[PDB]
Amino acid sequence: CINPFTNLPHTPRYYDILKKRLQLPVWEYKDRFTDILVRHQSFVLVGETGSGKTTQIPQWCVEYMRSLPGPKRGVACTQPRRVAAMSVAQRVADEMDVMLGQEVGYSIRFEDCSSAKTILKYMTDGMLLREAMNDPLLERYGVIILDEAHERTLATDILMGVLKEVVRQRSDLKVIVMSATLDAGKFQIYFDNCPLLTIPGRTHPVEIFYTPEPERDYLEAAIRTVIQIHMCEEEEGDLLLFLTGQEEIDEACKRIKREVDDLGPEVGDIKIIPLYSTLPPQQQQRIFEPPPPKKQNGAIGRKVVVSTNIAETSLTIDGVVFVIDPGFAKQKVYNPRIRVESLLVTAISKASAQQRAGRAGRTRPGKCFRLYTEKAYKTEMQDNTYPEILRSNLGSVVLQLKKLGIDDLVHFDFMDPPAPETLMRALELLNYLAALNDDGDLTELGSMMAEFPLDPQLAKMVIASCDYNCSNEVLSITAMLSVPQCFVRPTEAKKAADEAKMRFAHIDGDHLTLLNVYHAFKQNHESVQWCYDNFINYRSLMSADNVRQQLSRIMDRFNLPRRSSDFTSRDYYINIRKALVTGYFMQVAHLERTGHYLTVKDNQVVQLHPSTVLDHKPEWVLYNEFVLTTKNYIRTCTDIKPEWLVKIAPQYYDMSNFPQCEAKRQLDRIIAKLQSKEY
């Protein structure tokens, strides 16, 4: 029959895919799905990964929208994960026989693939909350679906609160909450005891393996699980290994590419595939590829995917029988008393481990090779990881809620309410940035900050830089800070990489070094060869350029001038460094007489991250990032003048409320000197 959007026949592609997708677990419940949808404003849908929730259900809601009178609106389906949203959009575009970016599309922070024609949009949970800023009832959508709500991300929880208020003012909107599990909060009690639909699992049983006692270096000891699986096992099937991020991942794909062809033609081939947050579409889509063929003589031609907890629940790779679970992941941590946010590798929950093992069972029965003991699972691990709202600084969150018109914050319906101390640190942060007044009301400046898709600190820095006549350079720095690490540092060629990085070093430090990289990238015409020559990440730089363009359009909308100072003047670099202070004045460390650094209020001993270009230890350093390892590192570091701290951020540098230390004694000396009294 006929494609309703194109008014043409559906294609050969379309029919081949329709055939396979009708067989997905979700389809036998479509009638009862439809029957709940037409009768209720909101309900919950639970089903294991691979059951067909993300691809099929939003199509059904499109079908539903096309049944309706003429207020002709979209469907939104939120993903916690960029790679999930972008790759399902491509998949669903194919399933619906449409062009990605036309009837089906996606929206990620700085990456909008959509048009006038878009009626189904796969977006991050973060982006839908962004859209609510300018459209508080989300009138562009008739159906909104929060997918992967079991991952309890910060943006997902806030969307559940928001949408629960939206449904009281809008009768025409439908909300669906989809999840892999019934745990991670109860959802239907939250949405006023609304219907539940559960899709049975087709998990081919999975043999859970362990190790005798605690493993120390799991990277190489999970490589030795990857190898022994790719010889000892006799039937076909692909491998999925859970690492914690995109260096450790790339390590294990550089490693295990010369090895394990340590071995001639004899053993079976391996198509090795990495998966992490950053990858562009054209290379996300290689997890969906057929493994290499069987050799005439030898072993199974096999596929190994090396991946973040993106593959835990957010998608399925067909072919996977063998799952290796190191049992850690890059979480977000936040002490509300230390006031330090950082990304930390840490032990997963029983919920999570069991999810990861689940992936091995999605074709035939499989084996999960968990690299722990039963004691490090049964007795030593949590049932459920804390929902992300209890592990984050809520500065951005609070600003977004205030921009959405939410005044009283304890009188706000969180599913799991945050510790009221973390809430109050967020209010203070925002008051220090002048985003909120002393009553906690949104200022004109706060309102504007909220429409930049940036941490409040960065937003304030961009806006305030106009008054230091260096908005152009601050926008470039901001864009470099908003994309992945730009310096390629192969572990086999550290001195070479470091020396290339030094070609760009500014004497006052790393922020200006990022400005130097960006300027050099542009004046060399976005050249890939230039990037290779200088060990600069071409993808990072292309991403930065795109972020800068996006941020530029926001500046134009708000009439904030995009200006530079005179490069021949000394004020050029001074002005930019003063601008950094307007946003980062709380991220400041003082050089002690001992050669250590102590963070300004919280008195934490830190050292300059070893990747810094700084030649010397500035007396005062402003930093972008606090890195928790076995040492505290401050990363992306600039030399600043303490006088700037007093002049630009007096509310924070209030000596009546400040701990005794070398920093306070210099600061008091500076404050007395400004006042030039002889009492």
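Residue numbers here begin at 1 and follow the sequence given.
- Relative to one another, 537-545 and 334-342 have unequal mean CA B-factors, and 334-342 is the one with the higher figure.
- Note on 358-366 vs 552-560: mean CA B-factor is higher in 358-366.
- When the Cα B-factors of 440, 326, 395, 453 are read from the PDB record, 326 comes out highest.
- For the set 230, 425, 494, 519, the PDB entry puts the maximum C-alpha B factor at 230.
- Remark: residue 18 belongs to the highest third of its chain, ranked by C-alpha B-factor as recorded.
- Split the chain's modelled residues into thirds by C-alpha temperature factor. Residue 377 is in the highest one.
- Ranked by Cα temperature factor within the chain, residue 259 sits in the highest third according to the deposited record.
- Residue 70: CA B factor in the highest third of modelled residues in this chain (values from the PDB entry).
- The entry lists a Cα temperature factor for residue 312 that places it in the middle third of the chain's modelled residues.
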